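Listed below are the residues making up each chain.
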There are 2 protein chains.
Amino acid sequence: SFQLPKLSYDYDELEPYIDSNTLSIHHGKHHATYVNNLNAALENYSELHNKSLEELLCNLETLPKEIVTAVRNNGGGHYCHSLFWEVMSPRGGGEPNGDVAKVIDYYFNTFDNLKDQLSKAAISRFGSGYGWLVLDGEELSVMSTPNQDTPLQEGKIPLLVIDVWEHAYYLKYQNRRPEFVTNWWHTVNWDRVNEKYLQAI
Amino acid sequence: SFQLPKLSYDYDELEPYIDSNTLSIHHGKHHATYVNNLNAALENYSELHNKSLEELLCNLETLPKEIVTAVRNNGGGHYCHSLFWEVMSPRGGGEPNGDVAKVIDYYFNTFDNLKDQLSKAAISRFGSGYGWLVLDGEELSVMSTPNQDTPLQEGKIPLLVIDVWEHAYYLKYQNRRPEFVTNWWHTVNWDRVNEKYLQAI
Ligand SMILES: [Mn+2]
Ligand SMILES: [Mn+2]
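So, how was this worked out
- Keep in mind that residues are numbered from 1 along each chain as the sequence reads, not by the entry's scheme, and that residues without coordinates are left out.
- Here chains are named by letter from A upward and ligands by number from 1 upward, in the order in which they appear as written.
- In computing side-chain properties, one takes all heavy atoms of the structure into account and sets aside hydrogens as well as water.
- UniProt positions are given in the numbering used here, feature names are shortened, and annotations may be inferred rather than shown by experiment.
- The rule for donors is simple: an N, O or S atom within 2.8 Å of the metal counts, and for Na, K and Ca the reach is 3.2 Å. Water is not among the atoms, so a site may look short of donors.
- What counts as a helix is a DSSP run of H or I of at least four residues, what counts as a strand is a run of E of at least two, and both are numbered from the N terminus.
- For each residue, the accessible area found with a 1.4 Å probe, counting protein chains only, is set against the maximum for its type, and the residue is called buried under 20%, exposed over 50%, and partly exposed in between.
- Each copy is laid over the others by a least-squares fit that uses only its C-alpha atoms.
- Residues enter a patch when their relative accessible area is above 30% and they make no salt bridge; the linking distance is 9 Å between like charges and 5 Å between nonpolar side chains (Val, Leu, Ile, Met, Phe, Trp, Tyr).
- Throughout, the Shrake-Rupley method with a 1.4 Å probe supplies accessible areas, and for residues the shown protein chains are the sole cover considered.
- The salt bridge definition used is simple: a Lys or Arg side-chain nitrogen within 4 Å of an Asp or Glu carboxyl oxygen.
- Working convention for charge: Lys and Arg count positive, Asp and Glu count negative, and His plus the chain ends are omitted.
- Each charge is placed at NZ for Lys, CZ for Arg, CG for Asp and CD for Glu.
- Strands are labelled as partners when DSSP assigns at least two bridges between them.
- Angles here are taken between N-to-C directions and fall from 0 to 180 degrees, while the axes themselves are lines fitted to C-alpha atoms, restricted in helices to the stretch in contact.

- Method of structure determination, per the deposited record: X-ray crystallography was used for this entry, reaching 1.80 Å resolution.

- The PDB entry annotates chain A as Superoxide dismutase originating from Bacillus anthracis.
- For this structure, the PDB header gives the title as "Crystal Structure of SodA-2 (BA5696) from Bacillus anthracis at 1.8A Resolution".
- Chain A has a UniProt comment under Catalytic activity that states "2 superoxide + 2 H(+) = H2O2 + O2".
- Listed under Sequence similarities in UniProt, the entry text for chain A is "Belongs to the iron/manganese superoxide dismutase family."

1. Some thoughts on the coordination of the manganese ion (ligand 2)
Residue and element names in this part refer to chain B.
No. 1: For the manganese ion (ligand 2), the protein coordination sphere consists of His26 (NE2), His81 (NE2), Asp163 (OD) and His167 (NE2), at 1.9 to 2.1 Å.
No. 2: The motif formed by the donor residues of the manganese ion (ligand 2), counted along the single chain, is H-x54-H-x81-D-x3-H. Here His167 lies in the loop between β3 (157-163) and α6 (170-173) and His81 lies in helix α3 (residues 68-86), a separation of 86 residues in the sequence.
No. 3: A residue is classified by how much of its surface remains accessible, and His167, at 1% relative accessible area, is buried.

2. Focus on the relation of the copies chain A and chain B
Each of the two chain copies can be brought onto the other by rotation about an axis and movement along it.
No. 1: When chain A is fitted to chain B, the residual RMSD is 0.3 Å, and the transformation amounts to a turn of 178° plus an axial shift of 0.0 Å. Such values leave the two copies arranged in the relation of a two-fold axis.

3. Some words on a negative patch on the surface
Residues and elements named next belong to chain A.
No. 1: A cluster of acidic residues, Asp10, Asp12, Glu13 and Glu15, forms a negative patch on the protein surface.
No. 2: You can see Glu15 is positioned in the segment before α1 (20-42).
No. 3: With a relative accessible area of 37%, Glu15 lands in the partly exposed category.

4. Considering the sheet that holds β3(B)
The strands making up a sheet associate through backbone hydrogen bonding, with each pair oriented either parallel or antiparallel.
Residue and element names in this part refer to chain B.
No. 1: Across the sheet, which stays open at both edges, the 3 strands sit in the order β2-β1-β3 with antiparallel pairing between neighbours. With partners counted over all chains shown, the strands left at the sheet margins are β2 (139-146) and β3, one partner each. Sheet twist, expressed as the average angle between the axes of neighbouring strands with direction ignored, equals 25°.
No. 2: Bridge analysis of strand β1 (residues 129-136) against β3 gives 6 bridges, and the strand direction is antiparallel.

Structure follows, in structure tokens:
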């Protein structure tokens, strides 16, 4: 039922920021595996077949105990990676544009300050996880999550995410997570972020 | 003044099971960083300068709140990597020997069954962490931990450990964690596992 989304670009089109082999494995093995495991967990619970990915991740307590973890982990993996691919682009980078640029300045004063704060949140996530920009009411804030956990469980709406699982960066950057994060800003699709923000409100 | 331990073997000596680049970075960068951050956290707390690593990690609940996470994470990293290196060897692999082989048969029926159980525990540890063989009273058992957490916390004594942080295996095995686990078995220093068992009594 859940499907692996096609990327908007080819596996070599985020070079040199993200290497081609990594993008192909990260999408075609890691993300594909979360989708397949999510579908396996839900196969035999047809009462859940019409839940959207968001509904599942917003209501994890109410699932059968046999599958809550599988849905948390693989549903999370599906959600997080799907957003990650959407917010990068072969012609991204630079400063925010559109309506969201304005709300960014409102809450962070400058874009450079947002970049500093999200970068710190991502680098400071110990072990596997993500850094996030979220809408919490009218407010923009930065946070991190462990593993494939998401902000939806907390009522916050993701606009932008960076994957700091070691698989996201180890082939090119090895232990140098901060160098990966510095490079990742060059890929950011501010057009798509602005679309996510409008959707959110 | 914790120190990075010397390996018992050169960086190319676990080939072809673990690549030399990985071994060099994993010991010389990752493990070194945990040691350096551990020493940095303890520097301002003179009370603690004579506590052993085992003491620190068995009594986290009592450290200053300003540094407990730093000690858990970096003390953990030094403990876990220090054991990881001593349980592998260029002479390792195969079926267990010595007294521990008899205790393995006693609790698992056969060694092949221990191997299945520990491999499963390592593979199923979602995110970053470790798989362990521990002594829990007189009884030996298999478990996993997240991040740089150890069984000491819980009163159990480590005899053997596998690192399943992605940094342990990504350069050679990428997403194929099961393949990495299969190869790691060819490295196991059963002499050292035996010594750790005898001491655990
Ligand atoms: Mn990922
Ligand atoms: Mn490690």
